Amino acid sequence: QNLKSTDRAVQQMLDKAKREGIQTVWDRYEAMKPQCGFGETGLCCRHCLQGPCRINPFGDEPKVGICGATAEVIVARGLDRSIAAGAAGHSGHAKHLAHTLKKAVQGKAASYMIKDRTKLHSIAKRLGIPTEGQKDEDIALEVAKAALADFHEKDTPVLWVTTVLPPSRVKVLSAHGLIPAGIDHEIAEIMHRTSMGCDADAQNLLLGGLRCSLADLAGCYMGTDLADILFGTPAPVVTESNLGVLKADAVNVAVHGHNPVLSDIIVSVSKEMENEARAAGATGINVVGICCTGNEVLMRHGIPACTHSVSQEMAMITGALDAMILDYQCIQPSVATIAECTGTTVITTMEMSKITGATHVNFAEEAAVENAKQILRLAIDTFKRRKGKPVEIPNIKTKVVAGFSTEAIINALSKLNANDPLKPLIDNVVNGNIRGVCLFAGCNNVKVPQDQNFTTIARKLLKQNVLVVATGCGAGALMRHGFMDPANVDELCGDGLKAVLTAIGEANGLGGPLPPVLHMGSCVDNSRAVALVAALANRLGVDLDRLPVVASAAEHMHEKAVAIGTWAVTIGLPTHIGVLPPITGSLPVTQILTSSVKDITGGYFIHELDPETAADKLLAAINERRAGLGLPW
């Protein structure tokens, strides 16, 4: 089972699933081999009913699509649509938060409020919204109106792009026409230009893709901004991760999906309901996280993370998961079928994300506390049905220090230099205690033994004194393998990096270092890494493509992740991906993404499937940036 997942708790559940005849994601993957080579290389098109069209990667006919579309056009069009779909997911998440803030501040949803008024004011200041003499509710209404305005064309471009990157970067992008005009505007234009008989120039198509990826960045950044206003900016927290955070004697309730508008309410309400749960024979309600909505409530509330991404079915296989509360994105629909075997109550809550066979509760912000209680009462009922059943919770968990928002990282650094908090970080970059910065982002992927790329790459970078930050299921992989436990700094970290983590941690009243990896939050919270990197660039007086900063989507899967990696390249970062998207069928497209995009944005993709080799290439990328700044390496 270690060929399927490197996580020991997942291996134990895989053994249980096998002997109980419950099919898993890995079984369905095995039933799919050999996968289609046309799809895997990107040489397939179904964008009109003369198709499906395919192109042999090598050999004889077919060489060209029926309408005349070349390999490079078909590949670029497919890639553009996956960026647009990713932008649509991140932007829908942000849009739903914008409506929630608007309703809260108009008195239409009393369960929601301005929890971080400091964040509210700095955002409004960044957007040019005046704050002096204004009520908080009026400022917030202006912020929510500005968020919603960025989805369509207006007299300004998308402000959640132009006000969050350095002016030099914005200018490089405006020069190439890459600034989005409206988030949903760019999504629709991608679908238009990629439909039959429209854009048929690989470079033109890919430039549209870079622009749409910046619409995705804007949705991520807007999502992080609005969630922090509504639910609070994360600060350092201590919790646990992996399946052992389930408790047989408690009502175990997983929050799963991406948007915390739902799950943050669940967290608060479940505390009100401890007495209901005890009445049923539980010790209490044990809310745990799966995927990014789990990351959200982990970052803000210390809710323990149960599992992530590809292994999400195994939380149910324990037999102890009484409810799984879903909003949208990255939910394997198999959970609705597996629930018939495991007893779990799977509950959908969003109108546009239902699963056949799951119970649906029509969540509304106006009725959030009522809905939470209805859902949690179903979880209580499910616990009573299993009172007296054996469960198999693997007794495996790690300690997780997390909550490292960019504001938290600044604050932590400020204990070393109050009025110039970025300087201690840059000092240790310059003197070599910090070789560079690597962000791990994105999903797990059944194609890759779970967590194997994240941990292998992280281990080599940390020994080489790279400061490693992480989001999404990359944070989940690293967290479940001990990389967020400061007790592992001695084992994992090079001497220079250990010295820096120790200095910062000691100055922050901790008695020990910061953890080996800094957890920056959910997938939209990749925007926090952008805020940190832009602040470093501004403090250094250079553009982002001169910083020793790289990204690694080491095991990615989702269209959202494809978009993130694309905007990481567009804002100037060398960006490793550990699973190839369907692009190898066009050498010209591959050359653009790995080489010539350098001349447009200064970033570039690093395609490398072997993780030890990927780590070497990321180190080389970091060290080239170091040399370009005149630094030793």
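All residue numbers refer to positions in the sequence shown, first residue = 1.
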### Query
Which is higher on average in the deposited entry, the C-alpha temperature factors of 375 to 383 or of 540 to 548?
375 to 383
### Message
When the Cα temperature factors in the entry are averaged, is it 220 to 228 or 99 to 107 that ends up higher?
### Response
99 to 107
### Query
From 290, 287, 347, 478, pick the one with the largest CA B-factor in the entry?
287
### Query
Which one, 248, 469, 331, 532, has the peak C-alpha temperature factor per the PDB entry?
248
## Note on the structure
residue 581: CA B-factor among chain residues, third -> highest
### Query
C-alpha B factor of residue 598, ranked within the chain: lowest, middle or highest third?
highest
### Query
What third of the chain, by the recorded C-alpha B-factor, contains residue 506?
highest
### Task
For residue 86, return the chain-relative third of its C-alpha B-factor as stated in the PDB record: lowest, middle or highest.
lowest
### Query
Compared with the other modelled residues in the chain, in which third is the CA B-factor of residue 154?
middle
